[PDB]
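Undergrad: Before we start, here is the structure in question, set down as structure tokens.
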Amino acid sequence: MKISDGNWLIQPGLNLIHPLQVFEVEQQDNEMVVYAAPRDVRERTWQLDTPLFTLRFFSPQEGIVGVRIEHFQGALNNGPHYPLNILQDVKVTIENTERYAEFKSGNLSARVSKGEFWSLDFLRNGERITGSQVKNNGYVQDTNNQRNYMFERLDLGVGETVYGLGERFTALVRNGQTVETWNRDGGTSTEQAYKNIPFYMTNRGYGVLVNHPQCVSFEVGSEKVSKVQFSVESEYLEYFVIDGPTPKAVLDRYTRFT
Amino acid sequence: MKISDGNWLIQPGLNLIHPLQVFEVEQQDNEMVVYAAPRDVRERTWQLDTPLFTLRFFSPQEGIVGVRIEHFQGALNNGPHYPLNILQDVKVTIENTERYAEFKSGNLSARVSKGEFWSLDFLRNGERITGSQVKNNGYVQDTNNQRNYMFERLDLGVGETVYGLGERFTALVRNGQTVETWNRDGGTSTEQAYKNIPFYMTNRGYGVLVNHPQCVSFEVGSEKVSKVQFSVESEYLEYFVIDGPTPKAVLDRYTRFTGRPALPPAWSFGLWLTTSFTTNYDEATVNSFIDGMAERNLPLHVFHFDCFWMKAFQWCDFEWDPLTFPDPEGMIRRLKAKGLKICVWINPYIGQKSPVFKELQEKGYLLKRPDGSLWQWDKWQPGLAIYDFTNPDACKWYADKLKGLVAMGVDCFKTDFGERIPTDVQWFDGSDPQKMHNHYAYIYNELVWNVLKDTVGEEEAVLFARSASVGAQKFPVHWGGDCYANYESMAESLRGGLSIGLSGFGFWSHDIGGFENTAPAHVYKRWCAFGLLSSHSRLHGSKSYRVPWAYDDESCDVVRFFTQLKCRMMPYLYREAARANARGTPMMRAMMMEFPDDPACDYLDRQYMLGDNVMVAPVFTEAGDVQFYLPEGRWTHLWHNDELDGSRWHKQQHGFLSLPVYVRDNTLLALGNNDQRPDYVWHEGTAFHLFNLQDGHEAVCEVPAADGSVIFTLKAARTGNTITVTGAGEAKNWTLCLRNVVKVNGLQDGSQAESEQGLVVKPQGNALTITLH
Amino acid sequence: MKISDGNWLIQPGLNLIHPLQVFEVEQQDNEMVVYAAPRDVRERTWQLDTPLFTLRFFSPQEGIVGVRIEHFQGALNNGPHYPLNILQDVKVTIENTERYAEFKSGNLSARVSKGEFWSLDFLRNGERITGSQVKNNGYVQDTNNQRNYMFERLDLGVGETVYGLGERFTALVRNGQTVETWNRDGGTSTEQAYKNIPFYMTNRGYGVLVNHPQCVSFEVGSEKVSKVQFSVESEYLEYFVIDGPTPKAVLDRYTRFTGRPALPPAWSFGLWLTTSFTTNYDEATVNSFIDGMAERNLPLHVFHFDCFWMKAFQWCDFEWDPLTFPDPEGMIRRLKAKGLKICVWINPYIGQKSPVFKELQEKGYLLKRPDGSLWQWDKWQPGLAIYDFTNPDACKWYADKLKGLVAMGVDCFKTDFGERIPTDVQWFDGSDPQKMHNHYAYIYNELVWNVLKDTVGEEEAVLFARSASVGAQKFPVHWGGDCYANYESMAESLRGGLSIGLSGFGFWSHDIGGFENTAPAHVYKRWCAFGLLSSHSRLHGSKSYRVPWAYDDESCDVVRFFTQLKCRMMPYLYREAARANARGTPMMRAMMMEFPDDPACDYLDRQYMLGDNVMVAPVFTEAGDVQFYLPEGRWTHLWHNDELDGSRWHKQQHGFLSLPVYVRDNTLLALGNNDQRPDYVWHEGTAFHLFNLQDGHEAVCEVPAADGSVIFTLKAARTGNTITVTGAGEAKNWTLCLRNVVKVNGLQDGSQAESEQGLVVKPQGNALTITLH
Ligand SMILES: O=[N+]([O-])c1ccc(O[C@@H]2O[C@H](CS[C@H]3OC[C@@H](O)[C@H](O)[C@H]3O)[C@@H](O)[C@H](O)[C@H]2O)cc1
Ligand SMILES: O=[N+]([O-])c1ccc(O[C@@H]2O[C@H](CS[C@H]3OC[C@@H](O)[C@H](O)[C@H]3O)[C@@H](O)[C@H](O)[C@H]2O)cc1
């Protein structure tokens, strides 16, 4: 789904808001909650008449980090939900410091930068394998058709290629393609697929499951050419980053999980 | 809402039908029903294929005539409805004659003219005070948006002026205005109002209540220049004409009908101070300001904790911020032990960040959209939701939190917000969201009032309330809202103040210096004098404490001087407050309300009467220039003692310790012997003051008890050069000052002594008679 | 137009941008240009991807500052434009400093603050009188209807009241009102106006013209309660602040800028009578009514032929109905022989039934829709079309028809209608239809005026005009429209008349008893006194003849009395008429205009000053009760001679031959010796009346010639008990009455004789001196 209109502009009638500053972090047993404002709220005068994002970090399985970013919790959110294998007892580390908020399962951590320069980074033993740069996630209010979406864009490195997203008949490497995860009877010669899966992996040895059974719209280097963008009509977005560090290892964790 | 398009045309797309001819009149017990056709139906051939209006006339209270004009009765018509006091057995007269149908309650009748020349006239002892002329009421079918309305236009006479319609900040006299009775959060600087009331009164000595909680659209001399037009989206229109013949008489009837103002506790009449808003609060900080007041001999009676007693983005979840307030109950006890009363900020919304939010969502206590999702937005607080006060279990949850605060020693609450109540929702009880928008403010404030009434007791109950609706005057005090720190803004605030008392509210607070964090010192000083010569008085800023020593030593002298003055004025002030409770007479009165027969008073909005006997005119310039009007009589300055004759305008220059505060002639006024607190035993140590007692007149002074009942009455009567003084009830060690009288010929039954303000007589025996020169 | 949604929000769908920071100032000869960014542009990284406002300050006349604020210059911006008198060499001062840029003309300046705190201030001798605060002007992008606007909001101070905006019938003080400047035919009872003008003035001694002939939307304290907001659908906004410091001084500069009232001929001040609307006119019928007047000694000066001089459904084709009017010129010349001037009805529309309609259609002289078809409807006349006065041949055709009537003996015209000008059209000259809607009133009247200038001569030119736009005050007299016959309607009319004067119009006529066929006699009689104590005065009915003997004998007496009075008053009245021509001071003045420093006068609307020296308060009750305010001084009834002390309200009761008509103290008034016609040699036989001349004052009386110039001046000066009278110029056989002075100590150079009003003194030698007892 088109969100940006090139580097400098936004599609007409979309109003965007982004998590841009950590307001507070709270550890809740084996989960980490980051409240992030869409503007500077260091001063109490500005700590009102503003939206606020609630990000929750959690681990369903060792080496998998779940990330739920929420605008409104008041939505209905009926099922069905995917048949995920979710443990409550995974061993994790949560480190909340002046500089960062960090949540680690196995060798994989999610790290958020506090202060002026927001960043969401996914690290493997402390080296960045992907992440989200400021203003590349958030909420889309489409004033054209009255629908609202949540989105994310996860970075791709130099030479990083994307795979999966179901049984598809387009070019194998997904870079340059938009993909809608929506089952269709379209034969074997089109962009359509009978077997859609909102899961991709890369040649950097991680994968990602976007945890929504509805249509998920991927712009796989097709809007921002060095990022995998994904968006869903929802008040929350939930995705899982899955460590490898090889493709087979991702697949081992993915299939344990799902 | 525009119906006509000038005299000659109608707005495009609107079809109008009017009651044009009486077909039939029926008496139904103590009610009169009139069937009225939209065309000539005198012939049987026209007695079909036509609409017909059904008009019912009834009286809920003496001198109130209700008029209900209906098209279709099969409409749903859900509540809520206004909390009206409706009697079933009011004595009425119904006469149905060949020329007229007439319904009479007290001195007020409604008369409908039979035959070819339709007329609806409101009469007072048979003299027309207003009415509806043919084609000025009926039904509007809007074929543009498929909505249907009922409307009326009640006539205004030559020079007739309109007041009220809630606390509003527009020009005081309403002629030329459109007003929509719809609560909004728009500040104190616009056509919007937090406190809308579909009631107006005029300088002809009657009032009208349009009985619809939904939005009522008034065109007050703004469509038809000599009528008050009102319209509502409904199959019926119901309004009540309320006789006077004086403004105070109208409000007495209006407040008996819709609710009497409660009498607030005497402590509430002192000086309130707050933490300010976006400053930083903690016990040390709070105490530095409290001690600062005391160090400077600046009396302080109530202290208020503002929003940040709770965590940011979690308002209002009732959880004390634990960093800032590690021992909330201990802190408040330590303040109470100083003699202070405690207020905290509340509102009826809740931010999604609060840990309690999830609990409320699971229990169903938050307002829902029709699909069952929560109604939410990001104004005020992120993911804000509204407490569903139509859900009894939600009311109980909320009340229990308030009870937990009271149990910790909190004495009162600021019932903030309540205006921005959405309509695209489904209330727990299934009520009409159009009507719930405004009535929410009543239910919210009633809930909070009742917590106090069930805990501290009714005598101790008081709020500072931002929003209101019909009936909410029963839950004082109403607070004028957020202001800029400038003289224009101070002026529009006083218009709001006068207006709310013109709409049934007996008490009105406001914030000295406004809210804007930097006031110039001169504005703050002028506004202190106004603020402390108002029923209720608060200091509250935005980003810093509103303490006088932020400005200069002189601002401290101003705060001290007027705080002392108000405390000493309390035996007078509290008696005048009991009038608000008994008769709905507000403490702050528009000049037109106190002097209804004086044509110089119709538009006066920069001065007021504070009770029966004192005119106050705030000063709206740095230099101290002020112009004001005095009605007939020889007035005396409350502490300067200079005199002025009335029935004319005056121009003066006042320094920051002064303003025009003029006491009427033939007045006996009680000042007390405590200038440090408002709540003390007024009838001991009482200093009475007699001002310009003319021959043939009598001045009465009633000193109240703590409960507002009259504990002592003193009377001074003059015949020739002898004034006879008689007291009845309980009082000790009092004295009578003969203002501006330096010498007396003689005195029976008392001693005498010189004072700067005149002879001070001390009684012994009661003739207390004094003989003038 | 609503822009904000309370203090805190914006109306849904509107995107606002404001000038917030000076980027650069440039002097261009006698003009100051300010470039103003809507965001911080101090760093070069922000000096792109931003709008920029262009503000230009300039002076068309001394004491007027023009302010042009522009977004895009690439818009078409077609005419018409208002008929502004623009000088290019006004002495101005331009100052550009680190802190401010300031543009000054006379005592008036616009100053723009540089740096962080944008402000636009209008200063009089350096003291701020009004201004625009940051974010109170700018550009509105309406995203709901794709229209764009510009807006400004100019501050009001404490107690600052707003006046004017054309002839309007709402409450006189405009605070609280929305007003749209868009000519309409809406009657005289609504918020609509035939005569709209986007100029207002305040009780702070300045005024502002919004220089847009399209609809201008004013929220006069109705959105922001202490600002006058105005918007227009345009890529620029231009307005002019006009200094006083007095109301009269503002109107002086205003009328120099946009046009001076012409001086109507003295005959025009007589009594006008009409055929009435639907009477069956014919020579005999007309003469019988004119004879009825003469037979009852009711002076009569002008007779008007209404619509039915032409054939039904063919108005306005200029053809005399041949069955009714077989010999038009013969008739009119017979009427004139009786000492009458002749007016005829005209308008700028034509019915399809007229033979002439096809002529005009074929010549292209009628307003077309964009597809070339004629614009037509069936309002007023069936298949009514409009004369396209942007077509020079159409204007010539119409003027020639007018020249034909004048050649026949017609003296003047009632220029009726002109309001309902559609915009879904293509004008011959391609003008902006949105601007032509109002400006048509001007072109229409200008053309008719010039026919008169070109025939009967400029000095003899007069109209009764129903519509107006800016400039059209040059083409007097303006006529207040269709009124219902009741006291409320009467009072509405007076507000409209007072309002037009406060909008640059020096003369105002209206119909006695209104238009509606059956007024009660009491109303007709009250209205008669009011009508004849106005500049211009007419009797005109609907179905009914407006002759007083219809009612009762007393109606004839009332007419006679007040017509005699007005005629006797002409020496006074015509001198005051010249003030309207010289300075734009209207004859009928709002009390606040004459007494700007008296705060009692701010809202007074049921009384007025008729020239400098006389207060009239019409009586708006049958019984005769009337309450009025008098400014400071000892006032004298003009013929009852009773005296009243001022600075206070009074209550009186008057019969039908009376109302409050009070003469100011220290006044010398000229009364004439003819009570039968207004046009005579006022300076022969003059009766001067001197009213309450105080020690150390002087009273001046200027007697005009027929051209309004002063032909004689009389002065009376008192020092001690000596009054010294000095005459200069040409007078003959005049006298001086010492009102309420029965006896004097002595007289040098004069003789004395008793009279019931006071001593009448005749001069000889003019070292005339009176010594008081
Ligand atoms: O001074 N500030 O730092 C400030 C910040 C936000 C503000 O926003 C506005 O607060 C307004 C009023 S503030 C309110 O709550 C705090 C108390 O201190 C006040 O006395 C009370 O009226 C709200 O009504 C508006 O809806 C909201 O937009 C106002 C002021
Ligand atoms: O870092 N900045 O100072 C900066 C500011 C605004 C900017 O705005 C964008 O500049 C863009 C690129 S800048 C262009 O002009 C200046 C040259 O120095 C560049 O090389 C050229 O590409 C424009 O194409 C966009 O339409 C405009 O929105 C860009 C950079």
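Going through the structure tokens in order, the chains are called A, B, and so on, while each chain numbers its residues from 1 and the ligands are numbered from 1 in the order shown.
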Skip residue 98 of chain A itself and residues of its chain fewer than 3 positions away, then list as a PyMOL selection string all residues within 10 Å of it, counting only C-alpha atoms.
TA: chain A and resi 101+113-115
Undergrad: Near residue 217 of chain B, counting only C-alpha atoms, which residues have an atom at most 6 Å away, once you skip same-chain residues fewer than 5 positions from it, shown as a PyMOL selection string?
TA: chain B and resi 1+180+230-231
Undergrad: So that I have them on file, write out the residues from the current selection with C-alpha atoms, as an mmCIF file, in the first residue's frame.
TA:
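The result, written out as result-v6.cif:
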data_model
loop_
_atom_site.group_PDB
_atom_site.id
_atom_site.type_symbol
_atom_site.label_atom_id
_atom_site.label_comp_id
_atom_site.auth_asym_id
_atom_site.auth_seq_id
_atom_site.Cartn_x
_atom_site.Cartn_y
_atom_site.Cartn_z
ATOM 1 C CA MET B 1 -31.236 28.012 12.234
ATOM 2 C CA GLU B 180 -26.798 27.075 19.908
ATOM 3 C CA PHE B 230 -36.034 28.885 18.603
ATOM 4 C CA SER B 231 -36.053 25.554 16.766
#
Undergrad: Contacts from chain B to chain A, 10 Å maximum, only C-alpha atoms: show me the residue list as a ChimeraX atom specification.
TA: /B:277-280,308,312-313,315,351-353,357-358,361,366,368-369,371-385,542-543
Undergrad: Find the spatial neighbours of segment 457-464 of chain C, counting only C-alpha atoms, within a cut-off of 6 Å - ignore same-chain residues fewer than 6 positions away - and output them as a PyMOL selection string.
TA: chain C and resi 264-265+412-414+476-479
Undergrad: Find the residues around residue 449 of chain B up to 8 Å (only C-alpha atoms counted), leave out those fewer than 2 positions away in its own chain, and share them as a ChimeraX atom specification.
TA: /B:445-447,451-453,461-463,475
Undergrad: I need the residues of segment 556-619 of chain C that end up classed as strand (DSSP E) by DSSP on the backbone, written out as a PyMOL selection string.
TA: chain C and resi 588-589+608-610+614-616
Undergrad: Compile the contact shell of residue 135 of chain A as a list in words: residues with an atom at most 8 Å away, counting only C-alpha atoms, same-chain residues fewer than 5 positions apart removed.
TA: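 Residues near the query, excluding close chain neighbours: residues 17, 18, 19 and 20 of chain A.
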Undergrad: What do you get as a VMD selection string if you pick all residues at most 8 Å from ligand 2, counting only C-alpha atoms and all ligand atoms?
TA: (chain A and resid 8 to 9) or (chain C and resid 44 to 46 48 to 49)
Undergrad: Taking only C-alpha atoms into account, what are the residues of chain B at most 6 Å from chain C, put as number ranges by chain?
TA: B: 6-7, 158, 170-171, 176-177, 186-187, 189-191, 223-225, 488, 648
Undergrad: For residue 271 of chain B, work out the shell of residues within 12 Å, counting only C-alpha atoms and skipping chain neighbours fewer than 2 positions away, then give it as a VMD selection string.
TA: chain B and resid 266 to 269 273 to 274 293 298 to 304 340 to 341 509 to 512 528 531 to 540 547 559 to 560 562 to 567 676 to 679
Undergrad: Name the residues in contact with residue 240 of chain A at a cut-off of 12 Å, using only C-alpha atoms, excluding same-chain residues fewer than 2 positions from it; report them as number ranges by chain.
TA: A: 56-69, 84, 86, 105, 108-110, 122, 154, 198-201, 206-212, 237-238, 242-243, 250, 253-254, 257-258
Undergrad: Could you jot down the atom CA of residue 139 of chain C to atom CA of residue 11 of chain C separation for me, Å, one decimal place?
TA: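 Computed distance, atom CA of residue 139 of chain C to atom CA of residue 11 of chain C, equals 13.8 Å.
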Undergrad: Take atom CA of residue 127 of chain C and atom CA of residue 520 of chain B and report the distance between them in Å, one decimal.
TA: 18.3 Å
Undergrad: To one decimal place in Å, what is the distance between atom CA of residue 272 of chain C and atom CA of residue 306 of chain C?
TA: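 Atom CA of residue 272 of chain C sits 12.2 Å away from atom CA of residue 306 of chain C.
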Undergrad: Considering only C-alpha atoms and all ligand atoms, state which residue in the set C:423, C:709, C:10, C:55 is at the smallest distance from ligand 1.
TA: C:10
